[PDB]
There are 2 protein chains.
Amino acid sequence: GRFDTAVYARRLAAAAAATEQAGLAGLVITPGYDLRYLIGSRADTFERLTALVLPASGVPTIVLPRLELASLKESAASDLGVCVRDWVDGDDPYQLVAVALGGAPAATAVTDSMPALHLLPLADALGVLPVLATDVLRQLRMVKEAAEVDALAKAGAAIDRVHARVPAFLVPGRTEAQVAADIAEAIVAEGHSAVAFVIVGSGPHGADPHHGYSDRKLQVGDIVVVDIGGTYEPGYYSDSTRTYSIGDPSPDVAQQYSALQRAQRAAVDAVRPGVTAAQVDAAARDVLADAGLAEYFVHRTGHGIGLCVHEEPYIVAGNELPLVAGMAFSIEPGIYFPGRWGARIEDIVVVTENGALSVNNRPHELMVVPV
Amino acid sequence: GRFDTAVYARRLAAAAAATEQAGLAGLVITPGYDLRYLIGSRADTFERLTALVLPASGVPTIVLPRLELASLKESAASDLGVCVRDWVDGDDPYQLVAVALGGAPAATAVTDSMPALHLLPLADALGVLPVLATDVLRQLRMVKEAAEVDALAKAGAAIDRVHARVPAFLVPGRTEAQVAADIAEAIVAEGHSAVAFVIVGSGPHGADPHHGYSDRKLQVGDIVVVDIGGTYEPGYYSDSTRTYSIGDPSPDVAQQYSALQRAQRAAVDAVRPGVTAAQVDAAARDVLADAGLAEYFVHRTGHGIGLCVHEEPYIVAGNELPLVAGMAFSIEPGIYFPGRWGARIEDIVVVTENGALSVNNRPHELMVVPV
Ligand SMILES: [Zn+2]
Ligand SMILES: [Zn+2]
Ligand SMILES: [Zn+2]
Ligand SMILES: [Zn+2]
Ligand SMILES: [Zn+2]
Ligand SMILES: [Zn+2]
Ligand SMILES: [Zn+2]
Ligand SMILES: [Zn+2]
Ligand SMILES: [Zn+2]
Ligand SMILES: [Zn+2]
Ligand SMILES: [Zn+2]
Ligand SMILES: [Zn+2]
Ligand SMILES: [Zn+2]
Ligand SMILES: [Zn+2]
Ligand SMILES: [Zn+2]
Ligand SMILES: [Zn+2]
Ligand SMILES: [Zn+2]
Ligand SMILES: [Zn+2]
């Protein structure tokens, strides 16, 4: 479910140090993925405030409902002896957060997931508008530790084993939803503790990035986009797309697809410490430009992945962030032809000291499933 | 899945009028339950901004990723011809929100679910710190329309049918989790389109409000707290708790439980237009005080319910909101004895012109299941 307490003790210290280096009095983390990362808590109260208050200096405090007290034994909080301030319905828990930071006025950063419901009254209680914690917690969470790389690698190998099972699911007459049920079951069977998402976009639906699956039946000649992932304990994601053709594709489809393959490969080959996120997006986008296809490449090249399917860093135009070793993100260019077909090639890669490691290794060619 | 477009046209106009009456330039609704209520959208992009921009005056605008364009046909947005501003990865969509409101500086309110990720850059783009939309949208969403009352009533009758099936699940030796699987299946069978939550707190776990279910086996003498709900199309919740005893309880348990029953009944009897939320909480809390039990009543008396299990109004100490007809909330006092047992009696009620209608009607007595 979670890492040893020592892992969290070390994340908490590193987070406090970076908060101090950013000149803030502290961080305020309500439930979600930053909390899970910082103390291993899967708590989520919703309208009732639970928050980890991590001062730049001194002992952290957990503010939470008294009725939730037993949740402390679940995460690392109890073992580390963080201060607890439980409150009862009728209390203003925002005042407890202020006090745990030394009292208003206090300059803080908040987890980017904190809802307005809490953020706006927190701002009043603190006397200072919070800034996003993303610049602070980024330095930690986007640089994966050895054990996190390992979990992503095992999730990647597992999702690869699912993609190997996909061609036998792709039979004319079967609906996208029957394929998706077969895939969901295989996601679990191959070792993920849960299904994250299943996308099976056949024929025209492959051109539609919002599409999940439906009752459309596979036809001979369909290009089928398959984008799938699961979680691997203690909660890291796989996320890989491969495109299949039901019977031989046409020459035009084959040629444009192979430009996409070159684009994807070239973005993967550009991954090194020191190159910018925007340079990696440029590497895919330039090849597709040169083949005359850039207008059909309607999204960013990739997103970070870890405890969430989508996180820092973003491999997108305008992102000047230099890449460093241990960053994990997708490389997933695609081309989309509204009403006709689409294709996407997606790997998760991990930055190494002199390049990248792909944790997804299925063939990159368009797989031709016989009819 | 959703209401006729006319229902949303009317919610949008009423929301605009209240926004103007509050002196704001407009509302900004990112994905979640306010969006579902306002235009019937189940969209959720996450780190990419989707927002309904509802000016105090003039046509609303949807700001969303170009890659999500097809989602517009899913909700009422396309039928009502709202303006669309799609944007591409690399763009700052917060600038589009500002412009749709006439440009910075713009004073707005935001859905209480909006995450910091969007709220903090939105605040900069708008030139003015947003306030919570809860005071505006409250006037709409906490007053249920006839069709919403109907959906809650059908969900309530369905969850009652589940509670009727619960005694036969409660057999010594069976684990809480096996009971919970039986309940989850019955939730669907009785007509809910999905399970919302299943709580089976037996023996000591009944004293623990954070508890869901576990591998603890039911024992003779256990008091079992059962708190369960599902959704009913187009997405309204049931939420009802009843307490069971495995074989006759002891005289002390029986006596204290009947004080809880009186407390619950007295909060239900106090529900009328014009009484305050805090007076309704007082009605339950005073009876439990008088029996000497108030210190074991460790939470608010109830919460609003509708498209979410937890919403406005909150039936809690300090809430001065006068109740009006069509409000829907739980009445759910409980008493908790750490390490020993707990009990909770929970109904959803709807305020009527001269009182309340309960949509949950299972017996309020402690049900004694034979061993
Ligand atoms: Zn809640
Ligand atoms: Zn302390
Ligand atoms: Zn974050
Ligand atoms: Zn279709
Ligand atoms: Zn979508
Ligand atoms: Zn991806
Ligand atoms: Zn993907
Ligand atoms: Zn290859
Ligand atoms: Zn190859
Ligand atoms: Zn996302
Ligand atoms: Zn327009
Ligand atoms: Zn709301
Ligand atoms: Zn236990
Ligand atoms: Zn809880
Ligand atoms: Zn409830
Ligand atoms: Zn309940
Ligand atoms: Zn009764
Ligand atoms: Zn009775």
# chains A, B, ... in the order shown; residues from 1 in each chain; ligands from 1
call {"tool": "residues_around", "arguments": {"residues": "region 11-18 of chain B", "least_positions_apart": "3", "cutoff": "9 Å", "atoms": "only C-alpha atoms", "output": "short mmCIF file (atom, residue, chain, number, x, y, z; two decimals) with N, CA, C and O atoms, in the first residue's frame"}}
result
data_model
loop_
_atom_site.label_atom_id
_atom_site.label_comp_id
_atom_site.auth_asym_id
_atom_site.auth_seq_id
_atom_site.Cartn_x
_atom_site.Cartn_y
_atom_site.Cartn_z
N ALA B 6 -34.19 22.22 -21.77
CA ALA B 6 -34.97 23.31 -21.20
C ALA B 6 -34.67 23.51 -19.72
O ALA B 6 -34.60 24.64 -19.24
N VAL B 7 -34.48 22.40 -19.02
CA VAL B 7 -34.12 22.43 -17.60
C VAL B 7 -32.82 23.21 -17.37
O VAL B 7 -32.75 24.03 -16.44
N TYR B 8 -31.82 22.96 -18.21
CA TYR B 8 -30.51 23.64 -18.13
C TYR B 8 -30.57 25.08 -18.60
O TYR B 8 -29.95 25.95 -17.96
N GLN B 21 -27.20 39.85 -9.42
CA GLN B 21 -27.73 40.37 -8.15
C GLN B 21 -26.63 40.40 -7.08
O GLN B 21 -26.69 41.18 -6.13
N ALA B 22 -25.61 39.56 -7.24
CA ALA B 22 -24.49 39.57 -6.31
C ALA B 22 -23.42 40.56 -6.75
O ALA B 22 -22.38 40.68 -6.11
N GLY B 23 -23.67 41.28 -7.85
CA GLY B 23 -22.73 42.29 -8.37
C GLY B 23 -21.43 41.77 -9.01
O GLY B 23 -20.47 42.51 -9.15
N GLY B 26 -19.42 37.58 -13.44
CA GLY B 26 -19.75 36.24 -13.89
C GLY B 26 -19.27 35.11 -13.02
O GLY B 26 -18.59 35.32 -12.00
N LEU B 27 -19.66 33.90 -13.42
CA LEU B 27 -19.23 32.66 -12.75
C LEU B 27 -18.29 31.89 -13.63
O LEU B 27 -18.38 31.95 -14.85
N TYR B 37 -24.85 20.07 -12.93
CA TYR B 37 -26.10 20.73 -12.61
C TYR B 37 -26.45 21.80 -13.65
O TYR B 37 -27.60 21.95 -14.05
N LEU B 38 -25.44 22.55 -14.08
CA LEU B 38 -25.72 23.71 -14.93
C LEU B 38 -25.94 23.39 -16.40
O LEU B 38 -26.77 24.03 -17.05
N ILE B 39 -25.19 22.42 -16.92
CA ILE B 39 -25.30 22.10 -18.35
C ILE B 39 -25.31 20.60 -18.59
O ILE B 39 -25.28 20.18 -19.74
N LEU B 54 -20.05 31.98 -17.28
CA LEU B 54 -21.44 32.41 -17.27
C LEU B 54 -21.48 33.86 -16.83
O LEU B 54 -21.47 34.14 -15.62
N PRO B 55 -21.52 34.80 -17.80
CA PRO B 55 -21.52 36.22 -17.42
C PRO B 55 -22.83 36.62 -16.77
O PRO B 55 -23.86 35.98 -16.97
N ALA B 56 -22.80 37.67 -15.97
CA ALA B 56 -24.00 38.16 -15.32
C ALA B 56 -25.00 38.56 -16.39
O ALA B 56 -26.22 38.60 -16.13
N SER B 57 -24.47 38.85 -17.58
CA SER B 57 -25.25 39.34 -18.70
C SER B 57 -24.58 38.99 -20.03
O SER B 57 -23.41 39.30 -20.24
N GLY B 58 -25.32 38.35 -20.94
CA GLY B 58 -24.80 37.95 -22.25
C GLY B 58 -24.60 36.44 -22.35
O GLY B 58 -24.83 35.72 -21.39
N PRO B 60 -23.28 32.65 -22.50
CA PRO B 60 -22.15 31.98 -21.86
C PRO B 60 -21.14 31.45 -22.89
O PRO B 60 -21.43 31.38 -24.08
N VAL B 136 -24.12 32.03 -4.43
CA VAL B 136 -24.95 32.16 -5.65
C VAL B 136 -25.67 30.86 -6.07
O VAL B 136 -26.90 30.84 -6.21
N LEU B 137 -24.91 29.78 -6.27
CA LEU B 137 -25.43 28.53 -6.83
C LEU B 137 -26.25 27.72 -5.84
O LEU B 137 -27.12 26.96 -6.24
N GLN B 139 -28.60 28.90 -3.96
CA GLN B 139 -30.01 29.33 -4.07
C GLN B 139 -30.73 28.45 -5.09
O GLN B 139 -31.96 28.27 -5.03
N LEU B 140 -29.96 27.91 -6.03
CA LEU B 140 -30.50 27.04 -7.06
C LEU B 140 -30.47 25.60 -6.58
O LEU B 140 -31.52 24.98 -6.39
#
call {"tool": "residues_around", "arguments": {"residues": "residue 315 (chain B)", "least_positions_apart": "5", "cutoff": "9 Å", "atoms": "only C-alpha atoms", "output": "ChimeraX atom specification"}}
result
/B:276-281,300-304,329-331
call {"tool": "write_last_selection", "arguments": {"atoms": "N, CA and C atoms", "output": "PDB file, in the first residue's frame"}}
result
ATOM      1  N   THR B 276     -33.991  27.126  11.531  1.00  0.00           N
ATOM      2  CA  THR B 276     -32.615  27.203  11.079  1.00  0.00           C
ATOM      3  C   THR B 276     -31.987  25.824  11.066  1.00  0.00           C
ATOM      4  N   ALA B 277     -30.943  25.685  10.263  1.00  0.00           N
ATOM      5  CA  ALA B 277     -30.194  24.446  10.234  1.00  0.00           C
ATOM      6  C   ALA B 277     -29.695  24.149  11.647  1.00  0.00           C
ATOM      7  N   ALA B 278     -29.230  25.182  12.361  1.00  0.00           N
ATOM      8  CA  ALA B 278     -28.662  25.003  13.711  1.00  0.00           C
ATOM      9  C   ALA B 278     -29.719  24.554  14.748  1.00  0.00           C
ATOM     10  N   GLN B 279     -30.962  25.006  14.575  1.00  0.00           N
ATOM     11  CA  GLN B 279     -32.088  24.570  15.417  1.00  0.00           C
ATOM     12  C   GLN B 279     -32.416  23.094  15.190  1.00  0.00           C
ATOM     13  N   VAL B 280     -32.298  22.633  13.951  1.00  0.00           N
ATOM     14  CA  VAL B 280     -32.499  21.213  13.676  1.00  0.00           C
ATOM     15  C   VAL B 280     -31.391  20.342  14.310  1.00  0.00           C
ATOM     16  N   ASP B 281     -30.146  20.778  14.229  1.00  0.00           N
ATOM     17  CA  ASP B 281     -29.065  20.070  14.920  1.00  0.00           C
ATOM     18  C   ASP B 281     -29.300  20.108  16.428  1.00  0.00           C
ATOM     19  N   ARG B 300     -21.844  16.468  13.153  1.00  0.00           N
ATOM     20  CA  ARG B 300     -23.047  17.169  12.756  1.00  0.00           C
ATOM     21  C   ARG B 300     -24.246  16.223  12.565  1.00  0.00           C
ATOM     22  N   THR B 301     -25.447  16.791  12.613  1.00  0.00           N
ATOM     23  CA  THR B 301     -26.679  16.025  12.510  1.00  0.00           C
ATOM     24  C   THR B 301     -26.951  15.588  11.074  1.00  0.00           C
ATOM     25  N   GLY B 302     -26.473  16.354  10.092  1.00  0.00           N
ATOM     26  CA  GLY B 302     -26.735  15.989   8.691  1.00  0.00           C
ATOM     27  C   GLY B 302     -26.103  16.863   7.625  1.00  0.00           C
ATOM     28  N   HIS B 303     -26.229  16.426   6.372  1.00  0.00           N
ATOM     29  CA  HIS B 303     -25.632  17.117   5.236  1.00  0.00           C
ATOM     30  C   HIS B 303     -26.634  17.147   4.116  1.00  0.00           C
ATOM     31  N   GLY B 304     -26.526  18.138   3.239  1.00  0.00           N
ATOM     32  CA  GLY B 304     -27.367  18.172   2.055  1.00  0.00           C
ATOM     33  C   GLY B 304     -27.016  17.013   1.141  1.00  0.00           C
ATOM     34  N   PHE B 329     -31.641  16.948   2.800  1.00  0.00           N
ATOM     35  CA  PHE B 329     -30.483  16.675   3.636  1.00  0.00           C
ATOM     36  C   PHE B 329     -30.773  15.451   4.490  1.00  0.00           C
ATOM     37  N   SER B 330     -29.709  14.904   5.061  1.00  0.00           N
ATOM     38  CA  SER B 330     -29.801  13.797   5.986  1.00  0.00           C
ATOM     39  C   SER B 330     -30.079  14.287   7.400  1.00  0.00           C
ATOM     40  N   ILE B 331     -30.737  13.447   8.195  1.00  0.00           N
ATOM     41  CA  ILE B 331     -30.798  13.599   9.628  1.00  0.00           C
ATOM     42  C   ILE B 331     -30.208  12.291  10.145  1.00  0.00           C
TER      43      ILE B 331
END
call {"tool": "atom_distance", "arguments": {"atom1": "CA of residue 200 (chain A)", "atom2": "CA of residue 175 (chain A)"}}
result
9.6 Å
call {"tool": "interface_residues", "arguments": {"of": "chain A", "to": "chain B", "cutoff": "9 Å", "atoms": "only C-alpha atoms", "output": "PyMOL selection string"}}
result
chain A and resi 46-47+66-71+88-91+110-120+129-132+134+208-211+298-300+310-311+316-319
call {"tool": "residues_near_ligand", "arguments": {"ligand": "ligand 11", "cutoff": "9 Å", "atoms": "only C-alpha atoms and all ligand atoms", "output": "VMD selection string"}}
result
chain B and resid 59 to 61 81 to 85
call {"tool": "select_by_dssp", "arguments": {"residues": "region 186-344 of chain B", "states": "alpha helix (DSSP H)", "output": "PDB file with N, CA and C atoms, in the first residue's frame"}}
result
ATOM      1  N   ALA B 186     -26.978  -6.073  -4.105  1.00  0.00           N
ATOM      2  CA  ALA B 186     -28.376  -5.677  -3.905  1.00  0.00           C
ATOM      3  C   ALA B 186     -28.633  -4.200  -4.279  1.00  0.00           C
ATOM      4  N   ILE B 187     -27.671  -3.309  -4.031  1.00  0.00           N
ATOM      5  CA  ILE B 187     -27.825  -1.895  -4.412  1.00  0.00           C
ATOM      6  C   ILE B 187     -28.142  -1.738  -5.895  1.00  0.00           C
ATOM      7  N   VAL B 188     -27.365  -2.428  -6.723  1.00  0.00           N
ATOM      8  CA  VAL B 188     -27.605  -2.457  -8.150  1.00  0.00           C
ATOM      9  C   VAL B 188     -28.928  -3.171  -8.455  1.00  0.00           C
ATOM     10  N   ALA B 189     -29.109  -4.402  -7.967  1.00  0.00           N
ATOM     11  CA  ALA B 189     -30.346  -5.158  -8.246  1.00  0.00           C
ATOM     12  C   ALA B 189     -31.625  -4.346  -7.953  1.00  0.00           C
ATOM     13  N   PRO B 251     -29.561  -4.643  28.154  1.00  0.00           N
ATOM     14  CA  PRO B 251     -30.435  -3.546  28.561  1.00  0.00           C
ATOM     15  C   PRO B 251     -29.805  -2.157  28.426  1.00  0.00           C
ATOM     16  N   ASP B 252     -28.508  -2.022  28.681  1.00  0.00           N
ATOM     17  CA  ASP B 252     -27.887  -0.695  28.585  1.00  0.00           C
ATOM     18  C   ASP B 252     -27.820  -0.187  27.160  1.00  0.00           C
ATOM     19  N   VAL B 253     -27.460  -1.089  26.250  1.00  0.00           N
ATOM     20  CA  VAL B 253     -27.432  -0.794  24.831  1.00  0.00           C
ATOM     21  C   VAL B 253     -28.834  -0.404  24.336  1.00  0.00           C
ATOM     22  N   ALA B 254     -29.843  -1.186  24.723  1.00  0.00           N
ATOM     23  CA  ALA B 254     -31.222  -0.899  24.298  1.00  0.00           C
ATOM     24  C   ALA B 254     -31.657   0.503  24.730  1.00  0.00           C
ATOM     25  N   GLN B 255     -31.364   0.860  25.978  1.00  0.00           N
ATOM     26  CA  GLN B 255     -31.804   2.141  26.555  1.00  0.00           C
ATOM     27  C   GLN B 255     -31.140   3.353  25.909  1.00  0.00           C
ATOM     28  N   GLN B 256     -29.839   3.248  25.671  1.00  0.00           N
ATOM     29  CA  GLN B 256     -29.110   4.325  25.039  1.00  0.00           C
ATOM     30  C   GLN B 256     -29.497   4.459  23.579  1.00  0.00           C
ATOM     31  N   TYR B 257     -29.770   3.322  22.919  1.00  0.00           N
ATOM     32  CA  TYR B 257     -30.176   3.345  21.532  1.00  0.00           C
ATOM     33  C   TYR B 257     -31.510   4.071  21.419  1.00  0.00           C
ATOM     34  N   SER B 258     -32.405   3.851  22.376  1.00  0.00           N
ATOM     35  CA  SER B 258     -33.726   4.482  22.256  1.00  0.00           C
ATOM     36  C   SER B 258     -33.704   5.996  22.519  1.00  0.00           C
ATOM     37  N   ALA B 259     -32.680   6.467  23.230  1.00  0.00           N
ATOM     38  CA  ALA B 259     -32.411   7.900  23.331  1.00  0.00           C
ATOM     39  C   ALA B 259     -31.963   8.434  21.950  1.00  0.00           C
ATOM     40  N   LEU B 260     -31.126   7.662  21.252  1.00  0.00           N
ATOM     41  CA  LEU B 260     -30.725   8.051  19.909  1.00  0.00           C
ATOM     42  C   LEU B 260     -31.957   8.109  18.997  1.00  0.00           C
ATOM     43  N   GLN B 261     -32.812   7.086  19.059  1.00  0.00           N
ATOM     44  CA  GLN B 261     -34.033   7.084  18.258  1.00  0.00           C
ATOM     45  C   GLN B 261     -34.891   8.331  18.520  1.00  0.00           C
ATOM     46  N   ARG B 262     -35.003   8.745  19.786  1.00  0.00           N
ATOM     47  CA  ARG B 262     -35.814   9.934  20.125  1.00  0.00           C
ATOM     48  C   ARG B 262     -35.159  11.197  19.587  1.00  0.00           C
ATOM     49  N   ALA B 263     -33.832  11.213  19.614  1.00  0.00           N
ATOM     50  CA  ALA B 263     -33.062  12.348  19.159  1.00  0.00           C
ATOM     51  C   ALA B 263     -33.279  12.505  17.679  1.00  0.00           C
ATOM     52  N   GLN B 264     -33.294  11.383  16.958  1.00  0.00           N
ATOM     53  CA  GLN B 264     -33.397  11.425  15.493  1.00  0.00           C
ATOM     54  C   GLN B 264     -34.782  11.888  15.095  1.00  0.00           C
ATOM     55  N   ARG B 265     -35.785  11.308  15.743  1.00  0.00           N
ATOM     56  CA  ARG B 265     -37.188  11.651  15.553  1.00  0.00           C
ATOM     57  C   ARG B 265     -37.434  13.140  15.839  1.00  0.00           C
ATOM     58  N   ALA B 266     -36.904  13.632  16.955  1.00  0.00           N
ATOM     59  CA  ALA B 266     -37.056  15.033  17.298  1.00  0.00           C
ATOM     60  C   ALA B 266     -36.381  15.990  16.278  1.00  0.00           C
ATOM     61  N   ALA B 267     -35.234  15.612  15.699  1.00  0.00           N
ATOM     62  CA  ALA B 267     -34.672  16.445  14.623  1.00  0.00           C
ATOM     63  C   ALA B 267     -35.585  16.423  13.375  1.00  0.00           C
ATOM     64  N   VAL B 268     -36.061  15.234  12.974  1.00  0.00           N
ATOM     65  CA  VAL B 268     -37.068  15.124  11.899  1.00  0.00           C
ATOM     66  C   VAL B 268     -38.340  15.959  12.189  1.00  0.00           C
ATOM     67  N   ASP B 269     -38.904  15.876  13.398  1.00  0.00           N
ATOM     68  CA  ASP B 269     -40.092  16.680  13.763  1.00  0.00           C
ATOM     69  C   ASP B 269     -39.882  18.201  13.759  1.00  0.00           C
ATOM     70  N   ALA B 270     -38.635  18.652  13.846  1.00  0.00           N
ATOM     71  CA  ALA B 270     -38.335  20.087  13.882  1.00  0.00           C
ATOM     72  C   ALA B 270     -38.190  20.663  12.480  1.00  0.00           C
ATOM     73  N   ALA B 277     -30.943  25.685  10.263  1.00  0.00           N
ATOM     74  CA  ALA B 277     -30.194  24.446  10.234  1.00  0.00           C
ATOM     75  C   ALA B 277     -29.695  24.149  11.647  1.00  0.00           C
ATOM     76  N   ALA B 278     -29.230  25.182  12.361  1.00  0.00           N
ATOM     77  CA  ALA B 278     -28.662  25.003  13.711  1.00  0.00           C
ATOM     78  C   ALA B 278     -29.719  24.554  14.748  1.00  0.00           C
ATOM     79  N   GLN B 279     -30.962  25.006  14.575  1.00  0.00           N
ATOM     80  CA  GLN B 279     -32.088  24.570  15.417  1.00  0.00           C
ATOM     81  C   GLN B 279     -32.416  23.094  15.190  1.00  0.00           C
ATOM     82  N   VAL B 280     -32.298  22.633  13.951  1.00  0.00           N
ATOM     83  CA  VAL B 280     -32.499  21.213  13.676  1.00  0.00           C
ATOM     84  C   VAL B 280     -31.391  20.342  14.310  1.00  0.00           C
ATOM     85  N   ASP B 281     -30.146  20.778  14.229  1.00  0.00           N
ATOM     86  CA  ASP B 281     -29.065  20.070  14.920  1.00  0.00           C
ATOM     87  C   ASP B 281     -29.300  20.108  16.428  1.00  0.00           C
ATOM     88  N   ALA B 282     -29.745  21.257  16.938  1.00  0.00           N
ATOM     89  CA  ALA B 282     -30.036  21.396  18.374  1.00  0.00           C
ATOM     90  C   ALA B 282     -31.096  20.395  18.849  1.00  0.00           C
ATOM     91  N   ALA B 283     -32.103  20.149  18.007  1.00  0.00           N
ATOM     92  CA  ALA B 283     -33.189  19.225  18.377  1.00  0.00           C
ATOM     93  C   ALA B 283     -32.684  17.802  18.650  1.00  0.00           C
ATOM     94  N   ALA B 284     -31.794  17.299  17.809  1.00  0.00           N
ATOM     95  CA  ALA B 284     -31.172  16.000  18.090  1.00  0.00           C
ATOM     96  C   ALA B 284     -30.206  16.080  19.279  1.00  0.00           C
ATOM     97  N   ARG B 285     -29.305  17.066  19.250  1.00  0.00           N
ATOM     98  CA  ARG B 285     -28.243  17.196  20.254  1.00  0.00           C
ATOM     99  C   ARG B 285     -28.771  17.405  21.688  1.00  0.00           C
ATOM    100  N   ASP B 286     -29.848  18.178  21.845  1.00  0.00           N
ATOM    101  CA  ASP B 286     -30.508  18.402  23.158  1.00  0.00           C
ATOM    102  C   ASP B 286     -31.071  17.141  23.825  1.00  0.00           C
ATOM    103  N   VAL B 287     -31.739  16.284  23.050  1.00  0.00           N
ATOM    104  CA  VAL B 287     -32.257  14.999  23.565  1.00  0.00           C
ATOM    105  C   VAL B 287     -31.105  14.095  24.016  1.00  0.00           C
ATOM    106  N   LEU B 288     -30.048  14.032  23.215  1.00  0.00           N
ATOM    107  CA  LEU B 288     -28.879  13.235  23.602  1.00  0.00           C
ATOM    108  C   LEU B 288     -28.126  13.835  24.789  1.00  0.00           C
ATOM    109  N   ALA B 289     -28.148  15.164  24.898  1.00  0.00           N
ATOM    110  CA  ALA B 289     -27.608  15.844  26.079  1.00  0.00           C
ATOM    111  C   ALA B 289     -28.368  15.386  27.313  1.00  0.00           C
ATOM    112  N   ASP B 290     -29.699  15.423  27.223  1.00  0.00           N
ATOM    113  CA  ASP B 290     -30.577  15.115  28.355  1.00  0.00           C
ATOM    114  C   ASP B 290     -30.462  13.687  28.848  1.00  0.00           C
TER     115      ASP B 290
END
call {"tool": "residues_around", "arguments": {"residues": "residue 105 (chain A)", "least_positions_apart": "3", "cutoff": "12 Å", "atoms": "only C-alpha atoms", "output": "ChimeraX atom specification"}}
result
/A:24-26,95,97-102,108,122-130
call {"tool": "write_last_selection", "arguments": {"atoms": "N, CA and C atoms", "output": "CSV table (one decimal), in the first residue's frame"}}
result
chain,number,residue,atom,x,y,z
A,24,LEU,N,9.0,30.6,1.9
A,24,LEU,CA,7.6,30.5,2.4
A,24,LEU,C,7.6,30.1,3.8
A,25,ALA,N,6.5,30.4,4.6
A,25,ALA,CA,6.4,29.9,6.0
A,25,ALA,C,6.1,28.4,6.0
A,26,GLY,N,5.5,27.9,4.9
A,26,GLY,CA,5.1,26.5,4.9
A,26,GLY,C,4.3,26.0,3.7
A,95,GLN,N,-8.5,28.2,10.9
A,95,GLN,CA,-7.8,28.9,12.0
A,95,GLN,C,-6.7,28.1,12.6
A,97,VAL,N,-5.0,25.8,10.9
A,97,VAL,CA,-3.9,25.8,9.9
A,97,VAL,C,-3.0,27.0,10.1
A,98,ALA,N,-3.7,28.2,10.3
A,98,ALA,CA,-2.9,29.4,10.5
A,98,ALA,C,-2.0,29.4,11.7
A,99,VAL,N,-2.6,28.9,12.8
A,99,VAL,CA,-1.8,28.8,14.0
A,99,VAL,C,-0.7,27.8,13.9
A,100,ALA,N,-0.9,26.7,13.2
A,100,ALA,CA,0.2,25.7,13.1
A,100,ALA,C,1.4,26.3,12.3
A,101,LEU,N,1.1,27.3,11.5
A,101,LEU,CA,2.2,28.0,10.8
A,101,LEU,C,2.8,29.2,11.5
A,102,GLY,N,2.4,29.3,12.8
A,102,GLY,CA,2.9,30.5,13.6
A,102,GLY,C,1.9,31.6,13.6
A,108,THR,N,2.3,31.0,2.3
A,108,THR,CA,2.4,29.6,2.0
A,108,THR,C,2.2,29.3,0.5
A,122,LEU,N,-9.0,29.5,3.4
A,122,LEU,CA,-7.6,29.4,3.9
A,122,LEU,C,-6.8,30.8,3.7
A,123,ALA,N,-6.9,31.3,2.4
A,123,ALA,CA,-6.3,32.6,2.1
A,123,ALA,C,-6.7,33.7,3.1
A,124,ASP,N,-7.9,33.8,3.5
A,124,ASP,CA,-8.4,34.8,4.5
A,124,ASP,C,-7.8,34.5,5.9
A,125,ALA,N,-7.8,33.2,6.3
A,125,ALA,CA,-7.2,32.8,7.6
A,125,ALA,C,-5.7,33.1,7.7
A,126,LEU,N,-5.0,32.9,6.5
A,126,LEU,CA,-3.6,33.1,6.5
A,126,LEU,C,-3.1,34.5,6.4
A,127,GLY,N,-4.0,35.4,5.8
A,127,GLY,CA,-3.6,36.8,5.7
A,127,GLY,C,-2.8,37.1,4.4
A,128,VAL,N,-2.5,36.0,3.7
A,128,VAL,CA,-1.7,36.1,2.5
A,128,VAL,C,-2.2,35.1,1.5
A,129,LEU,N,-2.3,35.5,0.2
A,129,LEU,CA,-2.7,34.6,-0.8
A,129,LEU,C,-1.6,33.5,-1.0
A,130,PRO,N,-2.0,32.3,-0.9
A,130,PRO,CA,-1.1,31.2,-1.2
A,130,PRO,C,-0.6,31.2,-2.7
call {"tool": "atom_distance", "arguments": {"atom1": "CA of residue 64 (chain A)", "atom2": "CA of residue 79 (chain A)"}}
result
16.8 Å
call {"tool": "residues_near_ligand", "arguments": {"ligand": "ligand 18", "cutoff": "6 Å", "atoms": "only C-alpha atoms and all ligand atoms", "output": "short mmCIF file (atom, residue, chain, number, x, y, z; two decimals) with C-alpha atoms, in the first residue's frame"}}
result
data_model
loop_
_atom_site.label_atom_id
_atom_site.label_comp_id
_atom_site.auth_asym_id
_atom_site.auth_seq_id
_atom_site.Cartn_x
_atom_site.Cartn_y
_atom_site.Cartn_z
CA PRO B 363 -38.10 0.92 11.04
CA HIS B 364 -36.18 3.25 13.40
CA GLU B 365 -35.94 0.68 16.19
#
call {"tool": "residues_near_ligand", "arguments": {"ligand": "ligand 16", "cutoff": "8 Å", "atoms": "only C-alpha atoms and all ligand atoms", "output": "list in words"}}
result
residues 227, 228, 229, 239, 240, 241, 330, 332 and 346 of chain B
call {"tool": "residues_around", "arguments": {"residues": "residue 219 (chain B)", "least_positions_apart": "2", "cutoff": "7 Å", "atoms": "only C-alpha atoms", "output": "PyMOL selection string"}}
result
chain B and resi 172-173+217+221-222
call {"tool": "closest_residue", "arguments": {"among": "A:350, A:308, A:218, A:171", "to": "ligand 4", "atoms": "only C-alpha atoms and all ligand atoms"}}
result
A:218
call {"tool": "closest_residue", "arguments": {"among": "A:368, A:327, A:293, A:198", "to": "ligand 6", "atoms": "only C-alpha atoms and all ligand atoms"}}
result
A:198
